[PDB]
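Undergrad: upload-v4.cif is reproduced in full below (mmCIF, C-alpha atoms and all ligand atoms).
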```
data_upload
loop_
_atom_site.label_atom_id
_atom_site.label_comp_id
_atom_site.auth_asym_id
_atom_site.auth_seq_id
_atom_site.Cartn_x
_atom_site.Cartn_y
_atom_site.Cartn_z
CA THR C 1 -1.56 -21.91 -37.49
CA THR C 2 -1.56 -20.26 -34.05
CA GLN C 3 -1.06 -16.56 -33.32
CA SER C 4 0.65 -15.78 -30.02
CA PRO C 5 0.48 -12.53 -28.02
CA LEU C 6 4.01 -13.03 -26.61
CA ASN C 7 3.31 -11.68 -23.11
CA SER C 8 3.17 -14.84 -20.95
CA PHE C 9 6.23 -14.14 -18.78
CA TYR C 10 6.30 -13.24 -15.09
CA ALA C 11 8.59 -12.93 -12.08
CA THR C 12 7.58 -12.60 -8.43
CA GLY C 13 9.07 -11.30 -5.19
CA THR C 14 7.85 -10.60 -1.64
CA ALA C 15 8.02 -7.96 1.09
CA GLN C 16 6.92 -7.59 4.70
CA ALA C 17 7.05 -5.38 7.80
CA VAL C 18 6.05 -6.99 11.10
CA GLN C 19 7.47 -4.82 13.91
CA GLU C 20 7.33 -1.28 15.29
CA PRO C 21 10.38 1.01 14.92
CA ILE C 22 11.26 1.28 18.62
CA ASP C 23 10.89 -0.57 21.92
CA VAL C 24 10.87 1.19 25.31
CA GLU C 25 11.76 -0.23 28.73
CA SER C 26 11.62 1.61 32.07
CA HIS C 27 13.94 1.48 35.10
CA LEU C 28 12.61 4.32 37.29
CA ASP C 29 13.23 2.79 40.73
CA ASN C 30 13.66 5.80 43.03
CA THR C 31 11.08 7.59 45.16
CA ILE C 32 10.70 11.33 45.76
CA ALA C 33 10.31 11.22 49.56
CA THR E 92 22.05 -0.40 -16.12
CA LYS E 93 19.18 -0.55 -18.61
CA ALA E 94 16.02 0.78 -16.93
CA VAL E 95 14.62 2.26 -13.72
CA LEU E 96 11.05 1.44 -12.69
CA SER E 97 8.89 3.27 -10.17
CA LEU E 98 5.31 3.41 -8.93
CA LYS E 99 4.67 6.58 -10.95
CA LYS E 100 6.31 5.38 -14.20
CA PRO E 101 5.95 1.58 -14.14
CA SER E 102 6.95 0.77 -17.74
CA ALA E 103 10.23 0.89 -19.65
CA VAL E 104 11.73 -0.38 -22.91
CA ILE E 105 15.20 -1.95 -23.10
CA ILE E 106 17.45 -3.31 -25.84
CA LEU E 107 19.60 -6.45 -25.71
CA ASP E 108 22.28 -6.88 -28.37
CA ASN E 109 25.32 -8.96 -29.35
CA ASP E 110 27.38 -7.63 -26.44
CA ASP E 111 24.83 -8.68 -23.80
CA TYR E 112 24.49 -12.29 -25.00
CA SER E 113 27.47 -13.74 -23.15
CA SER E 114 27.91 -17.52 -23.31
CA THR E 115 25.92 -17.01 -26.56
CA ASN E 116 22.76 -18.33 -24.90
CA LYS E 117 21.62 -16.36 -21.83
CA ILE E 118 21.10 -12.96 -20.20
CA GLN E 119 21.52 -12.31 -16.47
CA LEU E 120 19.76 -9.31 -14.90
CA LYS E 121 19.70 -8.54 -11.18
CA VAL E 122 17.15 -6.23 -9.55
CA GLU E 123 18.02 -3.31 -7.28
CA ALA E 124 15.40 -1.79 -4.98
CA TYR E 125 15.10 1.53 -3.15
CA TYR E 126 12.12 2.10 -0.89
CA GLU E 127 10.50 3.97 1.98
CA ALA E 128 7.71 2.31 3.96
CA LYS E 129 4.52 3.99 5.12
CA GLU E 130 4.36 5.21 8.72
CA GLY E 131 2.77 2.76 11.13
CA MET E 132 1.72 0.14 8.56
CA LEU E 133 2.22 -3.55 9.36
CA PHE E 134 1.76 -6.40 6.89
CA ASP E 135 3.22 -9.68 5.67
CA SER E 136 3.16 -11.97 2.62
CA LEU E 137 2.84 -9.25 -0.03
CA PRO E 138 3.96 -10.19 -3.56
CA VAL E 139 5.71 -8.05 -6.17
CA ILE E 140 5.09 -9.01 -9.80
CA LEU E 141 6.97 -8.09 -12.99
CA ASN E 142 5.82 -8.80 -16.55
CA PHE E 143 7.70 -9.18 -19.84
CA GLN E 144 6.47 -8.67 -23.41
CA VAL E 145 8.35 -9.07 -26.70
CA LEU E 146 7.95 -6.24 -29.21
CA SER E 147 10.40 -7.24 -31.96
CA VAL E 148 13.08 -9.88 -32.54
CA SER E 149 15.69 -10.23 -35.28
CA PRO L 34 -6.60 -19.55 7.74
CA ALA L 35 -8.13 -17.86 10.75
CA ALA L 36 -10.77 -15.17 10.35
CA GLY L 37 -9.26 -11.94 9.03
CA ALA L 38 -5.74 -13.34 8.63
CA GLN L 39 -3.24 -12.73 5.83
CA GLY L 40 -1.66 -15.89 4.49
CA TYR L 41 0.38 -17.89 1.99
CA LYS L 42 -0.57 -21.32 0.67
CA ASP L 43 -0.05 -23.81 -2.16
CA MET L 44 -2.81 -26.05 -3.54
CA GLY L 45 -1.69 -28.82 -5.91
CA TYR L 46 -1.10 -29.42 -9.60
CA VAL L 47 -3.06 -30.11 -12.79
CA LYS L 48 -2.19 -32.53 -15.60
CA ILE L 49 -2.77 -31.88 -19.32
CA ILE L 50 -2.52 -34.62 -21.96
CA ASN L 51 -1.91 -33.93 -25.67
CA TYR L 52 -2.79 -36.27 -28.52
CA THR L 53 -1.90 -37.22 -32.09
CA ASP L 54 -0.46 -34.55 -34.42
CA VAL L 55 -0.68 -31.83 -31.73
CA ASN L 56 2.31 -29.55 -31.16
CA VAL L 57 1.09 -26.17 -29.85
CA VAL L 58 -2.01 -25.42 -27.76
CA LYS L 59 -3.56 -22.04 -26.92
CA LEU L 60 -5.62 -22.01 -23.72
CA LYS L 61 -7.83 -19.63 -21.75
CA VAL L 62 -8.17 -20.02 -17.97
CA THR L 63 -10.81 -18.24 -15.88
CA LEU L 64 -12.34 -18.29 -12.40
CA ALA L 65 -15.86 -19.68 -12.81
CA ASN L 66 -17.26 -18.75 -9.38
CA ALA L 67 -15.53 -15.44 -8.66
CA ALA L 68 -18.86 -13.78 -7.83
CA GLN L 69 -19.59 -16.29 -5.06
CA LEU L 70 -16.13 -15.82 -3.50
CA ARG L 71 -16.35 -12.01 -3.34
CA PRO L 72 -18.16 -11.68 0.05
CA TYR L 73 -15.60 -13.99 1.70
CA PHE L 74 -12.31 -12.35 0.63
CA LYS L 75 -10.78 -8.91 0.37
CA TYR L 76 -8.40 -10.25 -2.29
CA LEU L 77 -7.30 -13.59 -3.71
CA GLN L 78 -4.59 -14.22 -6.29
CA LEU L 79 -3.63 -17.44 -8.08
CA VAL L 80 -0.22 -18.02 -9.67
CA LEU L 81 0.27 -20.69 -12.35
CA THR L 82 3.75 -21.96 -13.23
CA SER L 83 4.92 -24.51 -15.81
CA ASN L 84 7.45 -26.95 -14.33
CA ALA L 85 7.09 -30.18 -16.36
CA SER L 86 10.50 -29.39 -17.90
CA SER L 87 13.07 -29.69 -15.13
CA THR L 88 15.26 -27.13 -16.94
CA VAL L 89 12.62 -24.48 -17.75
CA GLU L 90 10.36 -23.29 -14.91
CA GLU L 91 8.03 -20.49 -16.01
CA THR L 92 5.13 -18.62 -14.45
CA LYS L 93 2.46 -18.18 -17.13
CA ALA L 94 -0.48 -16.27 -15.64
CA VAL L 95 -1.79 -14.57 -12.50
CA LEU L 96 -5.51 -14.68 -11.73
CA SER L 97 -7.45 -12.48 -9.32
CA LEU L 98 -11.01 -11.65 -8.32
CA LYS L 99 -10.86 -8.39 -10.31
CA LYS L 100 -9.26 -9.87 -13.47
CA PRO L 101 -10.37 -13.52 -13.51
CA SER L 102 -9.30 -14.48 -17.06
CA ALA L 103 -5.93 -14.99 -18.74
CA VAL L 104 -4.49 -16.51 -21.92
CA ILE L 105 -1.39 -18.73 -21.90
CA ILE L 106 0.75 -20.48 -24.52
CA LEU L 107 2.21 -23.99 -24.32
CA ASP L 108 4.94 -24.92 -26.80
CA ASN L 109 7.57 -27.55 -27.62
CA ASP L 110 9.65 -26.68 -24.54
CA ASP L 111 6.76 -27.23 -22.11
CA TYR L 112 5.80 -30.68 -23.41
CA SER L 113 8.30 -32.71 -21.39
CA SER L 114 8.00 -36.50 -21.61
CA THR L 115 6.38 -35.58 -24.98
CA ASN L 116 2.91 -36.27 -23.56
CA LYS L 117 1.96 -34.14 -20.53
CA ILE L 118 2.01 -30.71 -18.87
CA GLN L 119 2.29 -30.19 -15.10
CA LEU L 120 1.04 -26.91 -13.59
CA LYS L 121 0.87 -26.19 -9.87
CA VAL L 122 -1.28 -23.43 -8.35
CA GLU L 123 -0.01 -20.76 -5.97
CA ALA L 124 -2.44 -18.77 -3.82
CA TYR L 125 -2.21 -15.48 -1.93
CA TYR L 126 -5.17 -14.34 0.13
CA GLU L 127 -6.59 -12.21 2.93
CA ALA L 128 -9.78 -13.31 4.67
CA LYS L 129 -12.65 -11.04 5.66
CA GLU L 130 -12.83 -9.85 9.26
CA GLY L 131 -15.04 -11.96 11.51
CA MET L 132 -16.40 -14.29 8.81
CA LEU L 133 -16.69 -18.02 9.55
CA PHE L 134 -17.53 -20.70 7.00
CA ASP L 135 -16.66 -24.19 5.80
CA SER L 136 -16.95 -26.40 2.71
CA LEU L 137 -16.54 -23.65 0.10
CA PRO L 138 -15.38 -24.76 -3.37
CA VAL L 139 -13.07 -22.98 -5.80
CA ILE L 140 -13.60 -23.77 -9.48
CA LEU L 141 -11.36 -23.21 -12.52
CA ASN L 142 -12.37 -23.64 -16.17
CA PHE L 143 -10.37 -24.36 -19.33
CA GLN L 144 -11.22 -23.59 -22.95
CA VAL L 145 -9.23 -24.32 -26.12
CA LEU L 146 -8.89 -21.45 -28.59
CA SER L 147 -6.49 -22.89 -31.19
CA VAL L 148 -4.35 -26.00 -31.65
CA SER L 149 -1.67 -26.84 -34.21
CA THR I 1 -20.69 -34.86 -37.84
CA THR I 2 -20.60 -33.27 -34.37
CA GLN I 3 -19.43 -29.75 -33.53
CA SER I 4 -17.84 -29.35 -30.11
CA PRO I 5 -17.51 -26.14 -28.05
CA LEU I 6 -14.25 -27.35 -26.41
CA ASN I 7 -14.92 -25.92 -22.94
CA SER I 8 -15.83 -29.00 -20.87
CA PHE I 9 -12.86 -28.94 -18.48
CA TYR I 10 -12.88 -28.11 -14.78
CA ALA I 11 -10.79 -28.28 -11.61
CA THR I 12 -11.97 -27.79 -8.03
CA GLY I 13 -10.49 -26.84 -4.66
CA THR I 14 -11.79 -25.94 -1.19
CA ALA I 15 -11.30 -23.41 1.60
CA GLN I 16 -12.56 -22.86 5.14
CA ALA I 17 -12.22 -20.76 8.29
CA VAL I 18 -13.74 -22.16 11.48
CA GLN I 19 -12.12 -20.34 14.42
CA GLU I 20 -11.66 -16.86 15.87
CA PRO I 21 -8.21 -15.21 15.76
CA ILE I 22 -7.56 -15.15 19.52
CA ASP I 23 -8.52 -16.92 22.74
CA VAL I 24 -8.43 -15.22 26.15
CA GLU I 25 -8.08 -16.82 29.60
CA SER I 26 -8.09 -15.02 32.96
CA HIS I 27 -6.06 -15.63 36.13
CA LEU I 28 -6.96 -12.61 38.30
CA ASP I 29 -6.90 -14.25 41.73
CA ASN I 30 -6.04 -11.40 44.12
CA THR I 31 -8.37 -9.16 46.12
CA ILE I 32 -8.04 -5.43 46.77
CA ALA I 33 -8.72 -5.49 50.53
CA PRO I 34 -7.77 -2.21 52.23
CA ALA I 35 -9.31 -0.55 55.25
CA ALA I 36 -12.02 2.08 54.86
CA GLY I 37 -10.59 5.34 53.52
CA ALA I 38 -7.05 4.02 53.10
CA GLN I 39 -4.58 4.68 50.27
CA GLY I 40 -2.94 1.56 48.93
CA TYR I 41 -0.87 -0.40 46.41
CA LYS I 42 -1.75 -3.86 45.11
CA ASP I 43 -1.21 -6.34 42.28
CA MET I 44 -3.92 -8.64 40.93
CA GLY I 45 -2.76 -11.39 38.55
CA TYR I 46 -2.18 -11.99 34.86
CA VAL I 47 -4.15 -12.72 31.68
CA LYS I 48 -3.25 -15.13 28.87
CA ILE I 49 -3.88 -14.50 25.16
CA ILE I 50 -3.59 -17.24 22.52
CA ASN I 51 -3.02 -16.54 18.81
CA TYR I 52 -3.87 -18.91 15.96
CA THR I 53 -2.99 -19.84 12.39
CA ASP I 54 -1.63 -17.15 10.05
CA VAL I 55 -1.88 -14.43 12.72
CA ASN I 56 1.06 -12.08 13.27
CA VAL I 57 -0.23 -8.72 14.58
CA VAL I 58 -3.33 -8.04 16.70
CA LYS I 59 -4.95 -4.70 17.55
CA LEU I 60 -6.99 -4.70 20.76
CA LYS I 61 -9.24 -2.37 22.74
CA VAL I 62 -9.54 -2.76 26.53
CA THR I 63 -12.20 -1.05 28.63
CA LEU I 64 -13.70 -1.12 32.12
CA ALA I 65 -17.19 -2.59 31.76
CA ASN I 66 -18.59 -1.70 35.19
CA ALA I 67 -16.93 1.66 35.89
CA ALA I 68 -20.29 3.25 36.75
CA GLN I 69 -20.93 0.72 39.53
CA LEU I 70 -17.48 1.27 41.06
CA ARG I 71 -17.78 5.08 41.21
CA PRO I 72 -19.58 5.37 44.62
CA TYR I 73 -16.94 3.13 46.25
CA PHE I 74 -13.70 4.84 45.15
CA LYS I 75 -12.25 8.32 44.87
CA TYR I 76 -9.86 7.03 42.19
CA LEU I 77 -8.70 3.70 40.77
CA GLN I 78 -5.99 3.14 38.17
CA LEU I 79 -4.98 -0.06 36.38
CA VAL I 80 -1.57 -0.57 34.76
CA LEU I 81 -1.04 -3.23 32.08
CA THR I 82 2.46 -4.43 31.17
CA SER I 83 3.67 -6.95 28.59
CA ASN I 84 6.27 -9.33 30.05
CA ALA I 85 5.97 -12.57 28.03
CA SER I 86 9.34 -11.70 26.46
CA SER I 87 11.95 -11.94 29.21
CA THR I 88 14.06 -9.33 27.38
CA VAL I 89 11.35 -6.74 26.59
CA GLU I 90 9.09 -5.60 29.44
CA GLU I 91 6.69 -2.85 28.36
CA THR I 92 3.75 -1.06 29.94
CA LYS I 93 1.06 -0.68 27.28
CA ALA I 94 -1.92 1.17 28.79
CA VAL I 95 -3.24 2.84 31.94
CA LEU I 96 -6.95 2.64 32.74
CA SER I 97 -8.92 4.81 35.16
CA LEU I 98 -12.49 5.56 36.19
CA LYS I 99 -12.44 8.81 34.19
CA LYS I 100 -10.83 7.36 31.02
CA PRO I 101 -11.85 3.68 30.99
CA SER I 102 -10.79 2.75 27.44
CA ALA I 103 -7.42 2.31 25.74
CA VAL I 104 -5.97 0.82 22.55
CA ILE I 105 -2.82 -1.33 22.54
CA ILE I 106 -0.67 -3.03 19.91
CA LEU I 107 0.88 -6.51 20.10
CA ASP I 108 3.61 -7.38 17.60
CA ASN I 109 6.30 -9.95 16.77
CA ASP I 110 8.38 -9.02 19.83
CA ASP I 111 5.52 -9.63 22.28
CA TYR I 112 4.63 -13.12 21.00
CA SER I 113 7.20 -15.08 23.00
CA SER I 114 6.98 -18.87 22.79
CA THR I 115 5.31 -18.00 19.43
CA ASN I 116 1.87 -18.76 20.88
CA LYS I 117 0.90 -16.65 23.91
CA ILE I 118 0.88 -13.22 25.57
CA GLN I 119 1.18 -12.69 29.33
CA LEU I 120 -0.13 -9.44 30.85
CA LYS I 121 -0.29 -8.71 34.57
CA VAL I 122 -2.49 -6.00 36.10
CA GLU I 123 -1.27 -3.29 38.47
CA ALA I 124 -3.72 -1.36 40.63
CA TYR I 125 -3.56 1.94 42.51
CA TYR I 126 -6.53 3.01 44.60
CA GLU I 127 -7.97 5.11 47.40
CA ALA I 128 -11.12 3.94 49.17
CA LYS I 129 -14.04 6.15 50.18
CA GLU I 130 -14.21 7.34 53.78
CA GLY I 131 -16.35 5.19 56.05
CA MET I 132 -17.68 2.82 53.36
CA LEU I 133 -17.88 -0.91 54.12
CA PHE I 134 -18.68 -3.62 51.57
CA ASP I 135 -17.73 -7.09 50.38
CA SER I 136 -18.00 -9.31 47.29
CA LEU I 137 -17.68 -6.55 44.68
CA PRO I 138 -16.52 -7.65 41.20
CA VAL I 139 -14.27 -5.82 38.75
CA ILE I 140 -14.81 -6.62 35.07
CA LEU I 141 -12.61 -6.02 32.01
CA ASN I 142 -13.64 -6.48 28.37
CA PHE I 143 -11.65 -7.16 25.20
CA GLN I 144 -12.55 -6.42 21.58
CA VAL I 145 -10.57 -7.11 18.40
CA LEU I 146 -10.31 -4.23 15.92
CA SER I 147 -7.90 -5.62 13.30
CA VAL I 148 -5.69 -8.68 12.83
CA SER I 149 -3.02 -9.46 10.25
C1 LIG J 1 2.26 -33.59 -27.90
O1 LIG J 1 3.08 -32.48 -28.22
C2 LIG J 1 4.46 -32.79 -28.22
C3 LIG J 1 5.28 -31.52 -28.26
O2 LIG J 1 4.97 -30.76 -29.40
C4 LIG J 1 4.72 -33.74 -29.39
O3 LIG J 1 6.06 -34.16 -29.41
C5 LIG J 1 3.86 -34.99 -29.20
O4 LIG J 1 3.98 -35.86 -30.30
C6 LIG J 1 2.38 -34.65 -29.01
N1 LIG J 1 1.67 -35.85 -28.65
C7 LIG J 1 1.01 -36.64 -29.52
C8 LIG J 1 0.35 -37.85 -28.90
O5 LIG J 1 0.95 -36.42 -30.72
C1 LIG J 2 1.12 -16.11 16.53
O1 LIG J 2 1.91 -14.98 16.21
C2 LIG J 2 3.30 -15.26 16.20
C3 LIG J 2 4.09 -13.97 16.15
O2 LIG J 2 3.76 -13.22 15.01
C4 LIG J 2 3.57 -16.21 15.03
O3 LIG J 2 4.92 -16.60 15.00
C5 LIG J 2 2.75 -17.48 15.22
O4 LIG J 2 2.88 -18.34 14.13
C6 LIG J 2 1.26 -17.18 15.43
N1 LIG J 2 0.58 -18.39 15.79
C7 LIG J 2 -0.06 -19.20 14.93
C8 LIG J 2 -0.69 -20.42 15.56
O5 LIG J 2 -0.14 -18.98 13.73
CA CA J 3 -7.36 -8.12 8.25
CA CA J 4 -0.27 -13.30 8.50
CA CA J 5 -12.22 -19.71 20.14
CA CA J 6 -8.79 9.20 52.72
CA CA J 7 -1.58 4.19 52.92
CA CA J 8 7.64 -4.09 19.61
#
```
Step by step, read the file and then write its structure as structure tokens.
TA:
Amino acid sequence: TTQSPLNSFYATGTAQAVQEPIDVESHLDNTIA
Amino acid sequence: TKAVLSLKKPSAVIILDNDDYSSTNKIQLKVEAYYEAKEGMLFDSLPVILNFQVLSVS
Amino acid sequence: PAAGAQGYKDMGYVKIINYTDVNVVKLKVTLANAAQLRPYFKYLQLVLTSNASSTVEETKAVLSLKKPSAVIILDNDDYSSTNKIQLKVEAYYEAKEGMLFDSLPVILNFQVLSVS
Amino acid sequence: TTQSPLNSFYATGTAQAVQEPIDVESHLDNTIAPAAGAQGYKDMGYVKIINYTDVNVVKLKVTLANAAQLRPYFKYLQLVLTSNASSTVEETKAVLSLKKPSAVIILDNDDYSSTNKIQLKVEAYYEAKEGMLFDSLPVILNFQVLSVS
């Protein structure tokens, strides 16, 4: 004679974010002379 | 489509009937997600958990 | 993990043995030393899944430092090989910033509420 | 006739953390050696950063420790730091000076090439004081970790 609560069910996922939106690189190779 | 869950209204109630029980023994439900991430927040290994509870069976 | 890192780890499994004229067991699982572990962690979550039946894998409870106790049900489907339950533990954690330590135990307790 | 409480069951695990998130090694082996009062252009070297278990993103603060000592010897002095460890992504992260000695930089998944180290060279621009002669003067940089994940 056991009474159960009937709520022992689960499901699991994951998420992440490990980088910045943009990357910037420079090529200014001229001199104001 | 049976229910839509969100961070403001996390709970919903659905009904499964004779039409859903194909192969007479199982239900298949996929999950669809829409999201927008916070600005400038970096993280990893964060779990998302869903719970099920039976209210009535017949 | 390293100090202040966010991680993902598994621990092991626990065996349960059931005896004569027993069919259904109701159990309560809690974290015995949650108070001691508070200064060392921002958060720590444990996931318990029943696997002993190769056809039915089920997660039964999730434990945390804020809600350390849970109640689970084991029934005819779980008792594969008719004599034992296998439950592995899944851990998610984030360590405190700049805290160093070693040889710290984690303790779990079991109590029977009803058997039939 | 014995009554049992039915709670004599236990299971035990362990945990530990015995190292700091990062390790830093220096290879600054060049000398700023101009004439007195000259305006110049020089490079210095590079610095290595090592990242350890379960570390993905590091937030750092870099400052000039002995800026006050260097003031009487220079009219201005600027340091340029660039991340290069990824052969595809070269990025300048911060510029340090005697008036604004501190800066905050971010290192992410793209920077961690070879999965284990960061390479940062130092670029210097300077103008020496007029008629000042000296030798054996050190330049010191300091690192502090603000957050790791
Ligand atoms: C343990 O429970 C199972 C499943 O209900 C049952 O078949 C088995 O007989 C029980 N074991 C013993 C030793 O009675
Ligand atoms: C260092 O960080 C990189 C990039 O996020 C990661 O791939 C690597 O596993 C980390 N190193 C260690 C030893 O955990
Ligand atoms: Ca942290
Ligand atoms: Ca991590
Ligand atoms: Ca070290
Ligand atoms: Ca001059
Ligand atoms: Ca010149
Ligand atoms: Ca980047």
Undergrad: Compile the residues of chain L that lie within 6 Å of chain C, evaluated using only C-alpha atoms, and express the compilation as a PyMOL selection string.
TA: chain L and resi 92-93+149
Undergrad: Would you mind telling me which residue in L:138, L:45, L:40, L:101 lies nearest to chain E when using only C-alpha atoms?
TA: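 The closest residue to chain E is L:40.
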Undergrad: Per residue of chain I within 10 Å of ligand CA 3 (chain J), record the nearest atom pair and its distance in Å to one decimal, counting all atoms listed in the file, with rows in chain order and ascending residue number, as a Markdown table.
TA:
```
| residue | atom | partner | partner_atom | distance |
| --- | --- | --- | --- | --- |
| I:55 | CA | J:CA3 | CA | 9.5 |
| I:57 | CA | J:CA3 | CA | 9.6 |
| I:58 | CA | J:CA3 | CA | 9.4 |
| I:146 | CA | J:CA3 | CA | 9.1 |
| I:147 | CA | J:CA3 | CA | 5.7 |
| I:148 | CA | J:CA3 | CA | 4.9 |
| I:149 | CA | J:CA3 | CA | 5.0 |
```
Undergrad: For chain L, report every residue with an atom at most 12 Å from chain E (counting all atoms listed in the file), formatted as a VMD selection string.
TA: chain L and resid 38 to 42 76 to 80 91 to 95 123 to 127
Undergrad: Using CA of residue 97 in chain I and CA of residue 77 in chain I as the two end points, give the distance in Å to one decimal.
TA: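 Distance reported for this atom pair: 5.7 Å.
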Undergrad: Would you mind listing, as a CSV table (one decimal) with C-alpha atoms, in the coordinates of the input, all residues of chain I that have at least one atom within 10 Å of chain C, where all atoms listed in the file are what counts?
TA:
```csv
chain,number,residue,atom,x,y,z
I,56,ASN,CA,1.1,-12.1,13.3
I,57,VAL,CA,-0.2,-8.7,14.6
I,88,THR,CA,14.1,-9.3,27.4
I,89,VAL,CA,11.4,-6.7,26.6
I,90,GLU,CA,9.1,-5.6,29.4
I,91,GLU,CA,6.7,-2.8,28.4
I,92,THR,CA,3.8,-1.1,29.9
I,106,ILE,CA,-0.7,-3.0,19.9
I,107,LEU,CA,0.9,-6.5,20.1
I,108,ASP,CA,3.6,-7.4,17.6
I,109,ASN,CA,6.3,-10.0,16.8
I,110,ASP,CA,8.4,-9.0,19.8
I,111,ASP,CA,5.5,-9.6,22.3
I,149,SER,CA,-3.0,-9.5,10.2
```
Undergrad: Residue 32 in chain I: which residues within 12 Å, counting all atoms listed in the file, same-chain residues fewer than 4 positions away excluded, as a PyMOL selection string?
TA: chain I and resi 28+36+38-45+74+77+123-128+134-139
Undergrad: Write out as a tab-separated table a residue-level contact list of chain L versus ligand CA 5 (chain J) with cut-off 12 Å: for each qualifying residue the closest pair of atoms and the distance in Å to one decimal, counting only C-alpha atoms and all ligand atoms, rows sorted by chain and residue number upward.
TA:
```
residue	atom	partner	partner_atom	distance
L:35	CA	J:CA5	CA	10.4
L:36	CA	J:CA5	CA	10.9
L:131	CA	J:CA5	CA	11.9
L:133	CA	J:CA5	CA	11.6
```
Undergrad: Report, in Å to a single decimal, how far apart atom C7 of ligand LIG 1 (chain J) and CA of residue 63 in chain L are.
TA: 25.8 Å
Undergrad: For the point (-5.0, -24.6, -26.0) in the file's frame, write as an MDAnalysis selection string all residues with an atom no more than 6 Å away, counting all atoms listed in the file.
TA: chainID L and resid 58:60 145:148
Undergrad: Okay, now the selection with C-alpha atoms, as a CSV table (one decimal), in the coordinates of the input?
TA:
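Dumped to again09.csv:
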```
chain,number,residue,atom,x,y,z
L,58,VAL,CA,-2.0,-25.4,-27.8
L,59,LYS,CA,-3.6,-22.0,-26.9
L,60,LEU,CA,-5.6,-22.0,-23.7
L,145,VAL,CA,-9.2,-24.3,-26.1
L,146,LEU,CA,-8.9,-21.4,-28.6
L,147,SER,CA,-6.5,-22.9,-31.2
L,148,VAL,CA,-4.4,-26.0,-31.6
```
Undergrad: What's the separation between atom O3 of ligand LIG 1 (chain J) and CA of residue 118 in chain L, in Å to one decimal place?
TA: 11.8 Å
Undergrad: Produce as number ranges by chain the set of residues near ligand LIG 1 (chain J), where near means within 10 Å with all atoms listed in the file considered.
TA: L: 50-58, 107-118, 149
Undergrad: If the limit is 6 Å from any atom of ligand LIG 2 (chain J), counting all atoms listed in the file, which residues qualify? Return them as a ChimeraX atom specification.
TA: /I:51-56,109,112,115-116
Undergrad: Measuring atom to atom with only C-alpha atoms, identify which of I:94, I:1, I:59, I:34 is nearest to chain L.
TA: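 Under the stated criterion, the closest residue is I:59.
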Undergrad: At the level of N, CA, C and O atoms, write range 97-106 of chain E to a file as a JSON list (two decimals), in the first residue's frame, please.
TA:
```
[["chain", "number", "residue", "atom", "x", "y", "z"],
["E", 97, "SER", "N", 7.36, 29.76, -21.58],
["E", 97, "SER", "CA", 8.20, 30.95, -21.56],
["E", 97, "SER", "C", 8.67, 31.19, -20.13],
["E", 97, "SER", "O", 8.20, 30.56, -19.18],
["E", 98, "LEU", "N", 9.62, 32.11, -19.99],
["E", 98, "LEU", "CA", 10.16, 32.43, -18.67],
["E", 98, "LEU", "C", 9.16, 33.19, -17.80],
["E", 98, "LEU", "O", 9.30, 33.18, -16.58],
["E", 99, "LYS", "N", 8.16, 33.83, -18.41],
["E", 99, "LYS", "CA", 7.14, 34.54, -17.64],
["E", 99, "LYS", "C", 5.95, 33.66, -17.30],
["E", 99, "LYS", "O", 5.32, 33.86, -16.26],
["E", 100, "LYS", "N", 5.62, 32.69, -18.16],
["E", 100, "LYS", "CA", 4.54, 31.74, -17.92],
["E", 100, "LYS", "C", 5.10, 30.34, -18.13],
["E", 100, "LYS", "O", 5.00, 29.76, -19.22],
["E", 101, "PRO", "N", 5.72, 29.76, -17.09],
["E", 101, "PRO", "CA", 6.48, 28.51, -17.28],
["E", 101, "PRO", "C", 5.64, 27.25, -17.36],
["E", 101, "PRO", "O", 6.17, 26.21, -17.78],
["E", 102, "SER", "N", 4.36, 27.28, -17.00],
["E", 102, "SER", "CA", 3.56, 26.07, -16.87],
["E", 102, "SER", "C", 2.45, 26.04, -17.91],
["E", 102, "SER", "O", 1.94, 27.08, -18.33],
["E", 103, "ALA", "N", 2.08, 24.82, -18.31],
["E", 103, "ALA", "CA", 1.00, 24.61, -19.26],
["E", 103, "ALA", "C", 0.41, 23.22, -19.03],
["E", 103, "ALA", "O", 1.04, 22.34, -18.44],
["E", 104, "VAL", "N", -0.82, 23.04, -19.51],
["E", 104, "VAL", "CA", -1.54, 21.78, -19.39],
["E", 104, "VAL", "C", -1.94, 21.32, -20.79],
["E", 104, "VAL", "O", -2.52, 22.10, -21.56],
["E", 105, "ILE", "N", -1.64, 20.06, -21.11],
["E", 105, "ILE", "CA", -1.91, 19.50, -22.42],
["E", 105, "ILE", "C", -2.73, 18.22, -22.28],
["E", 105, "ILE", "O", -2.83, 17.63, -21.20],
["E", 106, "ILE", "N", -3.34, 17.81, -23.39],
["E", 106, "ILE", "CA", -4.19, 16.63, -23.44],
["E", 106, "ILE", "C", -3.69, 15.71, -24.55],
["E", 106, "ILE", "O", -3.46, 16.16, -25.67]]
```
